[PDB]
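Novice: Before anything else, here's the structure in question.
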Amino acid sequence: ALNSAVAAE
Amino acid sequence: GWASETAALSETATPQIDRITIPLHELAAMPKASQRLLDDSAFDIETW
Amino acid sequence: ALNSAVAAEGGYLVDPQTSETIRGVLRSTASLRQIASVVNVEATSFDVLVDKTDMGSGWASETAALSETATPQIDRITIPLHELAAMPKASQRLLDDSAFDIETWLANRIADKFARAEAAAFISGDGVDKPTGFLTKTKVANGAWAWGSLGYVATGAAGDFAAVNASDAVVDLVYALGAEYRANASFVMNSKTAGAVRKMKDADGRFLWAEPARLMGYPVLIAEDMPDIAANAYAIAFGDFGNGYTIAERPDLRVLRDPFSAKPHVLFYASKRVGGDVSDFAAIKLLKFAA
Amino acid sequence: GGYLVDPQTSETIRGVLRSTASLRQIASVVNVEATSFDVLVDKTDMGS
Amino acid sequence: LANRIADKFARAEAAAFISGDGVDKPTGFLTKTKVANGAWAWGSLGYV
Amino acid sequence: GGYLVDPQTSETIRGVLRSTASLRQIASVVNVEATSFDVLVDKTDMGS
């Protein structure tokens, strides 16, 4: 539910 | 946090997410049954 | 429009379907909330009023001139009713483009984290900004039991259970708790204590203990916040928590989305407020491994 | 603002819950508005 | 007080139902001149 | 018995009273929806 730039987060 | 009334709450952790891909393969069998059998073999061979 | 295995020759049209609901790892919900006294309270505190004594009766004679008798003395225990707040940061680019309902997924997941995080405070929590668990309530050995304390019985050998008569420290813990409280009582353990209890066996290799995951007929709450079998640890508790432990709370989870402080982020501030300590000190006994 | 916080008391005054296993639930409980109750048993039986 | 007196009475009569003597209280079944079983009479309770 | 007495809390909480004589009732009050208000006065009079 964190940023949409790294896949895992 | 179990935050206080004067806590001024900071950022908390966020759950990191994993995608697992089911490739969804197929499974095929091809039996060969005879036309004379299917016409003359009163058991329903198609649904059998 | 060739095969669906190599990307260039007709393999980019394959469009994998995502799940309906975003799943997660499933952690322990055995949280002691389902066996204690849950009270809705919209205040700063909740004040239970218990009786630490009883009256006196007479068996009056025919001509006796019956005098005064006792009258129970009253103790007020103050639930502090603290709060439990989490504020995860979520991106506005994610929330508009991440077609799963992320608001209700965080409203499920923060509530799961709160129902798991208050289970630590209900067992081993201290006084500061959190409910005081029943382990941190100044235990005094059973038999010299005063009111301001919880009773424990000791097993014998220092690390493990008793050496000869093991499983006898469990049964006098059971029958040292009172006949009325054992009508609906329960063990509370963690899983690597329950495994050690199940690994106990007789002289011939057969394990002596024959959903509720019950032991000696009484239910067992497999917690995850109780201490393991240490030198002076209290790994097993037993009691009627419906009379013993009072949980004071509000049955809602307050969500405040904040697109304003962290400006390209959404920053869901979620909080529930919950409190609670023991209400009846006679209703919980503990198993110390000391001597 | 700490004097405005009014700690809510309990609904019903609780108590230590002492033993109710009292043999009244297993015996013959008889209502009687008198001074004394006289049961009449048979200490022997008949012959056939 | 009417609930607490009732609880105290339902608990205090349990002592008289079991081990009470004759004086102003019910005589419990333990105080009934126990005579060993086999040599059992009607005016006594048996034991092994 | 002194624990269960619970005093009342004076349903409307009051404060110290301050005077509301504020010169609005003798001066002229103009509703203004702008950043500023002007007046146009006459510092002199005409001639004859």
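Labels for the structure tokens follow display order: chains A, B, ..., residues from 1 in each chain, ligands from 1.
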Quick one: everything within 8 Å of residue 29 of chain E, counting only C-alpha atoms, minus sequence neighbours fewer than 6 positions away in the same chain. Send it as a PyMOL selection string.
Specialist: chain E and resi 17-19
Novice: What would the file look like if the residues just selected were written as a PDB file, in the first residue's frame with N, CA and C atoms?
Specialist:
ATOM      1  N   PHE E  17     -25.770 -27.946  55.061  1.00  0.00           N
ATOM      2  CA  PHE E  17     -26.262 -29.130  54.373  1.00  0.00           C
ATOM      3  C   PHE E  17     -25.271 -30.274  54.381  1.00  0.00           C
ATOM      4  N   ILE E  18     -24.013 -30.016  54.696  1.00  0.00           N
ATOM      5  CA  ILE E  18     -22.988 -31.033  54.575  1.00  0.00           C
ATOM      6  C   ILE E  18     -22.432 -31.370  55.947  1.00  0.00           C
ATOM      7  N   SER E  19     -22.016 -30.356  56.703  1.00  0.00           N
ATOM      8  CA  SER E  19     -21.343 -30.603  57.970  1.00  0.00           C
ATOM      9  C   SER E  19     -21.988 -29.876  59.144  1.00  0.00           C
TER      10      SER E  19
END
Novice: Mind doing a quick least-squares superposition of chain F onto chain D, all C-alpha atoms paired one-to-one in order, and writing it out as a compact mmCIF listing (two decimals) with N, CA, C and O atoms, in the first residue's frame?
Specialist:
# COMPACT_ATOMS: atom_id res chain seq x y z
N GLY F 1 -6.13 22.50 32.53
CA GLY F 1 -7.26 21.74 32.00
C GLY F 1 -7.52 20.36 32.59
O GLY F 1 -8.56 19.78 32.27
N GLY F 2 -6.66 19.84 33.46
CA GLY F 2 -6.82 18.49 33.98
C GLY F 2 -7.91 18.32 35.01
O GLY F 2 -8.21 17.18 35.38
N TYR F 3 -8.51 19.41 35.50
CA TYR F 3 -9.57 19.28 36.49
C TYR F 3 -10.87 18.77 35.90
O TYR F 3 -11.67 18.14 36.61
N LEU F 4 -11.12 19.02 34.62
CA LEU F 4 -12.44 18.82 34.03
C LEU F 4 -12.52 17.58 33.15
O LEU F 4 -13.11 17.60 32.07
N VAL F 5 -11.95 16.47 33.61
CA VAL F 5 -11.87 15.27 32.78
C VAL F 5 -12.90 14.21 33.18
O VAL F 5 -13.49 13.58 32.29
N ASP F 6 -13.15 13.98 34.49
CA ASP F 6 -14.29 13.23 35.03
C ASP F 6 -14.48 11.81 34.49
O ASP F 6 -15.28 11.63 33.55
N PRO F 7 -13.76 10.81 34.99
CA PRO F 7 -13.85 9.45 34.43
C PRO F 7 -15.22 8.80 34.59
O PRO F 7 -15.99 9.12 35.49
N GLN F 8 -15.50 7.84 33.70
CA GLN F 8 -16.74 7.07 33.78
C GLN F 8 -16.65 6.05 34.91
O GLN F 8 -15.59 5.79 35.47
N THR F 9 -17.80 5.46 35.25
CA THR F 9 -17.93 4.74 36.51
C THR F 9 -18.48 3.33 36.34
O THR F 9 -18.90 2.72 37.32
N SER F 10 -18.46 2.79 35.11
CA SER F 10 -18.76 1.37 34.83
C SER F 10 -20.17 0.98 35.28
O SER F 10 -20.36 0.29 36.28
N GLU F 11 -21.15 1.45 34.49
CA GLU F 11 -22.59 1.52 34.75
C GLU F 11 -23.23 0.37 35.53
O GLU F 11 -24.19 0.60 36.28
N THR F 12 -22.74 -0.86 35.37
CA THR F 12 -23.14 -1.98 36.21
C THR F 12 -21.93 -2.40 37.03
O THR F 12 -20.93 -2.86 36.47
N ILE F 13 -22.01 -2.24 38.35
CA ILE F 13 -20.86 -2.57 39.18
C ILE F 13 -20.87 -4.07 39.44
O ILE F 13 -21.91 -4.67 39.68
N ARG F 14 -19.70 -4.68 39.32
CA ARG F 14 -19.60 -6.12 39.35
C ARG F 14 -19.01 -6.59 40.66
O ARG F 14 -18.67 -5.79 41.53
N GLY F 15 -18.90 -7.91 40.81
CA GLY F 15 -18.27 -8.51 41.96
C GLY F 15 -17.49 -9.75 41.55
O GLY F 15 -17.45 -10.13 40.37
N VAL F 16 -16.87 -10.38 42.54
CA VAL F 16 -16.18 -11.65 42.30
C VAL F 16 -17.22 -12.76 42.17
O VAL F 16 -18.22 -12.79 42.89
N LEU F 17 -17.02 -13.64 41.19
CA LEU F 17 -18.00 -14.67 40.89
C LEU F 17 -17.74 -15.91 41.74
O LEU F 17 -16.62 -16.41 41.81
N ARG F 18 -18.80 -16.39 42.38
CA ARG F 18 -18.76 -17.57 43.23
C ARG F 18 -19.65 -18.64 42.62
O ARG F 18 -20.61 -18.34 41.92
N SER F 19 -19.31 -19.90 42.89
CA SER F 19 -20.00 -21.01 42.25
C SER F 19 -21.39 -21.18 42.84
O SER F 19 -21.59 -21.08 44.05
N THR F 20 -22.36 -21.44 41.97
CA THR F 20 -23.75 -21.60 42.37
C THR F 20 -24.19 -23.05 42.40
O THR F 20 -25.39 -23.31 42.54
N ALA F 21 -23.27 -24.00 42.24
CA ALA F 21 -23.62 -25.41 42.40
C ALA F 21 -23.96 -25.67 43.86
O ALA F 21 -23.09 -25.60 44.74
N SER F 22 -25.23 -25.96 44.12
CA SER F 22 -25.78 -25.81 45.46
C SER F 22 -26.57 -27.01 45.96
O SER F 22 -27.28 -26.86 46.96
N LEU F 23 -26.54 -28.15 45.26
CA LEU F 23 -27.20 -29.41 45.62
C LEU F 23 -28.73 -29.32 45.64
O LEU F 23 -29.41 -30.31 45.88
N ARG F 24 -29.29 -28.16 45.31
CA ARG F 24 -30.72 -28.06 45.13
C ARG F 24 -31.17 -28.72 43.83
O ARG F 24 -32.32 -29.12 43.71
N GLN F 25 -30.27 -28.81 42.86
CA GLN F 25 -30.64 -29.38 41.57
C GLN F 25 -30.51 -30.89 41.52
O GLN F 25 -30.91 -31.49 40.52
N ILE F 26 -29.98 -31.53 42.56
CA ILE F 26 -29.98 -32.98 42.64
C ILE F 26 -30.89 -33.49 43.75
O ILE F 26 -31.41 -34.60 43.65
N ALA F 27 -31.11 -32.70 44.79
CA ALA F 27 -31.97 -33.15 45.87
C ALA F 27 -33.42 -32.79 45.57
O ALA F 27 -33.75 -32.19 44.55
N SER F 28 -34.31 -33.19 46.48
CA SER F 28 -35.74 -32.98 46.32
C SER F 28 -36.20 -31.80 47.16
O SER F 28 -36.07 -31.82 48.38
N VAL F 29 -36.78 -30.80 46.50
CA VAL F 29 -37.18 -29.55 47.13
C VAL F 29 -38.68 -29.57 47.35
O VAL F 29 -39.44 -29.78 46.40
N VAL F 30 -39.11 -29.35 48.59
CA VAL F 30 -40.52 -29.38 48.96
C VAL F 30 -40.91 -28.01 49.49
O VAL F 30 -40.33 -27.54 50.48
N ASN F 31 -41.89 -27.40 48.85
CA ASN F 31 -42.49 -26.18 49.36
C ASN F 31 -43.28 -26.49 50.63
O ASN F 31 -44.19 -27.31 50.61
N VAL F 32 -42.93 -25.82 51.73
CA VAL F 32 -43.57 -26.04 53.02
C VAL F 32 -44.07 -24.76 53.68
O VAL F 32 -43.30 -23.81 53.88
N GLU F 33 -45.37 -24.69 53.92
CA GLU F 33 -45.94 -23.60 54.71
C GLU F 33 -46.35 -24.09 56.10
O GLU F 33 -47.53 -24.15 56.45
N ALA F 34 -45.35 -24.40 56.90
CA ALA F 34 -45.54 -24.77 58.30
C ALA F 34 -44.25 -24.48 59.03
O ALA F 34 -43.31 -23.92 58.46
N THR F 35 -44.17 -24.84 60.31
CA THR F 35 -42.90 -24.67 61.00
C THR F 35 -41.94 -25.80 60.71
O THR F 35 -40.75 -25.66 61.01
N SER F 36 -42.42 -26.89 60.14
CA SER F 36 -41.62 -28.09 60.04
C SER F 36 -42.23 -28.99 59.00
O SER F 36 -43.43 -28.94 58.72
N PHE F 37 -41.39 -29.83 58.43
CA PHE F 37 -41.81 -30.82 57.46
C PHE F 37 -41.45 -32.18 58.02
O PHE F 37 -40.46 -32.31 58.75
N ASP F 38 -42.26 -33.18 57.73
CA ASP F 38 -41.92 -34.53 58.10
C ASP F 38 -41.80 -35.38 56.85
O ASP F 38 -42.19 -34.97 55.76
N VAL F 39 -41.23 -36.56 57.00
CA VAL F 39 -41.39 -37.61 56.01
C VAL F 39 -41.78 -38.87 56.76
O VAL F 39 -41.53 -38.99 57.97
N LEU F 40 -42.44 -39.78 56.07
CA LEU F 40 -42.79 -41.07 56.65
C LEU F 40 -42.12 -42.15 55.82
O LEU F 40 -42.51 -42.39 54.67
N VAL F 41 -41.11 -42.80 56.39
CA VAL F 41 -40.32 -43.78 55.68
C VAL F 41 -40.62 -45.16 56.24
O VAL F 41 -41.35 -45.32 57.21
N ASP F 42 -40.05 -46.17 55.58
CA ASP F 42 -40.23 -47.58 55.93
C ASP F 42 -38.85 -48.14 56.21
O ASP F 42 -38.10 -48.43 55.28
N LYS F 43 -38.50 -48.32 57.48
CA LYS F 43 -37.18 -48.84 57.75
C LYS F 43 -37.09 -50.35 57.53
O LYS F 43 -35.98 -50.87 57.40
N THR F 44 -38.22 -51.04 57.45
CA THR F 44 -38.27 -52.48 57.19
C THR F 44 -39.24 -52.75 56.05
O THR F 44 -39.97 -51.86 55.60
N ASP F 45 -39.24 -53.99 55.57
CA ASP F 45 -40.20 -54.45 54.58
C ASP F 45 -41.08 -55.54 55.18
O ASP F 45 -40.98 -55.88 56.36
N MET F 46 -41.94 -56.11 54.34
CA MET F 46 -42.94 -57.06 54.80
C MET F 46 -42.37 -58.46 54.96
O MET F 46 -41.16 -58.69 54.99
N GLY F 47 -43.28 -59.42 55.07
CA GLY F 47 -42.91 -60.82 55.07
C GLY F 47 -43.73 -61.60 54.07
O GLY F 47 -44.76 -61.13 53.59
N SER F 48 -43.27 -62.80 53.76
CA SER F 48 -43.98 -63.70 52.87
C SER F 48 -44.13 -65.04 53.56
O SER F 48 -43.33 -65.41 54.43
Novice: Find the residues of chain A that sit at most 9 Å from chain B; for each, write down the nearest two atoms and how far apart they are in Å, to one decimal. Count only C-alpha atoms. Sort by chain, then by number going up, and give it as a Markdown table.
Specialist:
| residue | atom | partner | partner_atom | distance |
| --- | --- | --- | --- | --- |
| A:1 | CA | B:14 | CA | 6.3 |
| A:2 | CA | B:14 | CA | 6.3 |
| A:7 | CA | B:17 | CA | 7.9 |
| A:8 | CA | B:17 | CA | 5.4 |
| A:9 | CA | B:16 | CA | 4.5 |
Novice: Dump N, CA and C atoms for the selected residues as a tab-separated table (two decimals), in the first residue's frame?
Specialist:
chain	number	residue	atom	x	y	z
A	1	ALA	N	0.82	-1.20	0.00
A	1	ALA	CA	0.00	0.00	0.00
A	1	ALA	C	0.86	1.25	0.00
A	2	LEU	N	2.15	1.08	-0.24
A	2	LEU	CA	3.05	2.21	-0.33
A	2	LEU	C	3.10	2.61	-1.81
A	7	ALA	N	8.10	-2.37	-7.08
A	7	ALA	CA	7.10	-3.42	-7.19
A	7	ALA	C	6.74	-3.98	-5.82
A	8	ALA	N	7.74	-4.23	-4.98
A	8	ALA	CA	7.52	-4.95	-3.73
A	8	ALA	C	6.70	-4.14	-2.73
A	9	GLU	N	6.96	-2.83	-2.64
A	9	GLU	CA	6.22	-1.96	-1.74
A	9	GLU	C	4.96	-1.41	-2.42
Novice: With distances taken over only C-alpha atoms, which residue among E:35, E:48, E:1, E:23 lies nearest chain D?
Specialist: E:1
Novice: When you get a sec, could you note down which chain C residues fall within 7 Å of chain D, using only C-alpha atoms, as a ChimeraX atom specification?
Specialist: /C:43-52,179-180,280
Novice: Residues within 12 Å of residue 48 of chain B, please, as a list in words. Count only C-alpha atoms; anything in the same chain fewer than 4 positions from it doesn't count.
Specialist: residues 31, 33, 38, 41, 42, 43 and 44 of chain B
Novice: Mind checking which residues fall within 12 Å of segment 198-202 of chain C, counting only C-alpha atoms, ignoring those fewer than 3 positions away in the same chain, and posting them as a PyMOL selection string?
Specialist: chain C and resi 160-168+191-195+205-210+213-216
Novice: How about saving the chosen residues, C-alpha atoms kept, as a short mmCIF file (atom, residue, chain, number, x, y, z; two decimals), in the first residue's frame?
Specialist:
data_model
loop_
_atom_site.label_atom_id
_atom_site.label_comp_id
_atom_site.auth_asym_id
_atom_site.auth_seq_id
_atom_site.Cartn_x
_atom_site.Cartn_y
_atom_site.Cartn_z
CA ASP C 160 11.22 -27.46 32.62
CA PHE C 161 8.22 -29.13 34.32
CA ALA C 162 8.59 -31.33 37.40
CA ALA C 163 11.08 -34.18 37.22
CA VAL C 164 9.19 -36.99 38.69
CA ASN C 165 5.52 -35.95 39.01
CA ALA C 166 5.20 -33.69 35.93
CA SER C 167 1.60 -32.77 34.89
CA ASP C 168 0.80 -32.54 38.64
CA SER C 191 2.15 -22.52 20.85
CA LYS C 192 5.68 -23.55 21.82
CA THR C 193 4.42 -24.10 25.37
CA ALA C 194 1.44 -26.15 24.20
CA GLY C 195 3.83 -28.19 22.08
CA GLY C 205 6.03 -43.49 25.26
CA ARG C 206 2.32 -42.69 24.96
CA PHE C 207 1.40 -39.05 25.43
CA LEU C 208 -0.58 -38.76 28.63
CA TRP C 209 -2.86 -35.89 27.66
CA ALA C 210 -5.71 -37.40 25.68
CA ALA C 213 -7.95 -27.32 21.27
CA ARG C 214 -8.91 -28.18 24.84
CA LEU C 215 -6.80 -29.63 27.66
CA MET C 216 -8.25 -31.55 30.62
#
Novice: Counting only C-alpha atoms, which residues in chain E sit no more than 10 Å from chain C? For each one, give the nearest pair of atoms and the distance in Å, sorted by chain then residue number, as CSV.
Specialist:
residue,atom,partner,partner_atom,distance
E:1,CA,C:71,CA,9.0
E:4,CA,C:55,CA,8.0
E:5,CA,C:55,CA,7.6
E:7,CA,C:54,CA,9.5
E:8,CA,C:55,CA,6.9
E:9,CA,C:57,CA,7.3
E:12,CA,C:57,CA,7.3
E:13,CA,C:59,CA,9.4
E:16,CA,C:59,CA,9.8
E:23,CA,C:61,CA,8.6
E:24,CA,C:61,CA,6.0
E:25,CA,C:59,CA,6.3
E:26,CA,C:59,CA,9.7
Novice: Could you pull out the helix (DSSP H, G or I) residues of chain B, going by DSSP on the backbone, and write them as a list in words?
Specialist: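 Here are the helix (DSSP H, G or I) residues of chain B: residues 35, 36, 37, 38, 39 and 40 of chain B.
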Novice: For segment 243-251 of chain C, please output as a PDB file with N, CA and C atoms, in the first residue's frame all residues within 6 Å (counting only C-alpha atoms; exclusion window: fewer than 6 positions along the same chain).
Specialist:
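Final output, out_39.pdb:
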ATOM      1  N   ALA C  36     -12.771 -12.472  27.483  1.00  0.00           N
ATOM      2  CA  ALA C  36     -12.825 -11.480  28.540  1.00  0.00           C
ATOM      3  C   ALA C  36     -14.107 -10.661  28.433  1.00  0.00           C
ATOM      4  N   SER C  37     -14.263  -9.706  29.347  1.00  0.00           N
ATOM      5  CA  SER C  37     -15.485  -8.912  29.450  1.00  0.00           C
ATOM      6  C   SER C  37     -15.327  -7.630  28.647  1.00  0.00           C
ATOM      7  N   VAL C  38     -15.916  -7.598  27.459  1.00  0.00           N
ATOM      8  CA  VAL C  38     -15.818  -6.456  26.559  1.00  0.00           C
ATOM      9  C   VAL C  38     -16.919  -5.463  26.899  1.00  0.00           C
ATOM     10  N   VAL C  39     -16.536  -4.223  27.199  1.00  0.00           N
ATOM     11  CA  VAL C  39     -17.478  -3.174  27.575  1.00  0.00           C
ATOM     12  C   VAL C  39     -17.269  -1.972  26.667  1.00  0.00           C
ATOM     13  N   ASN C  40     -18.315  -1.604  25.931  1.00  0.00           N
ATOM     14  CA  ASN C  40     -18.345  -0.326  25.238  1.00  0.00           C
ATOM     15  C   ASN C  40     -18.384   0.810  26.251  1.00  0.00           C
ATOM     16  N   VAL C  41     -17.478   1.771  26.082  1.00  0.00           N
ATOM     17  CA  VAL C  41     -17.404   2.919  26.977  1.00  0.00           C
ATOM     18  C   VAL C  41     -16.890   4.152  26.244  1.00  0.00           C
ATOM     19  N   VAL C 274      -8.653   1.572  23.345  1.00  0.00           N
ATOM     20  CA  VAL C 274      -8.956   0.349  24.072  1.00  0.00           C
ATOM     21  C   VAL C 274      -8.171   0.370  25.377  1.00  0.00           C
ATOM     22  N   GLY C 275      -8.775  -0.158  26.436  1.00  0.00           N
ATOM     23  CA  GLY C 275      -8.086  -0.262  27.703  1.00  0.00           C
ATOM     24  C   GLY C 275      -8.473  -1.548  28.396  1.00  0.00           C
ATOM     25  N   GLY C 276      -7.704  -1.891  29.423  1.00  0.00           N
ATOM     26  CA  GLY C 276      -8.151  -2.945  30.304  1.00  0.00           C
ATOM     27  C   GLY C 276      -7.141  -3.663  31.166  1.00  0.00           C
ATOM     28  N   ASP C 277      -7.484  -3.860  32.438  1.00  0.00           N
ATOM     29  CA  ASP C 277      -6.694  -4.729  33.296  1.00  0.00           C
ATOM     30  C   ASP C 277      -7.584  -5.775  33.941  1.00  0.00           C
ATOM     31  N   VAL C 278      -7.062  -6.485  34.937  1.00  0.00           N
ATOM     32  CA  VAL C 278      -7.866  -7.478  35.626  1.00  0.00           C
ATOM     33  C   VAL C 278      -8.900  -6.790  36.503  1.00  0.00           C
ATOM     34  N   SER C 279     -10.060  -7.419  36.622  1.00  0.00           N
ATOM     35  CA  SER C 279     -11.141  -6.944  37.469  1.00  0.00           C
ATOM     36  C   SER C 279     -11.271  -7.762  38.737  1.00  0.00           C
ATOM     37  N   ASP C 280     -11.067  -9.067  38.636  1.00  0.00           N
ATOM     38  CA  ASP C 280     -11.209  -9.992  39.750  1.00  0.00           C
ATOM     39  C   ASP C 280      -9.896 -10.752  39.870  1.00  0.00           C
ATOM     40  N   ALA C 283      -9.616 -14.731  39.989  1.00  0.00           N
ATOM     41  CA  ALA C 283     -10.081 -15.504  38.851  1.00  0.00           C
ATOM     42  C   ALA C 283      -8.982 -15.885  37.878  1.00  0.00           C
TER      43      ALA C 283
END
Novice: Do you have the atom CA of residue 288 of chain C-atom CA of residue 227 of chain C distance handy?
Specialist: 11.0 Å
Novice: What is the atom CA of residue 14 of chain E to atom CA of residue 2 of chain E distance in Å?
Specialist: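 Interatomic distance here is 18.5 Å.
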Novice: One decimal, Å: what's the distance from atom CA of residue 185 of chain C over to atom CA of residue 30 of chain C, could you say?
Specialist: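 Those two atoms sit 15.6 Å apart.
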Novice: With 12 Å as the limit and counting only C-alpha atoms, what residues in chain B lie close to chain C? Please list them as number ranges by chain.
Specialist: B: 1-25
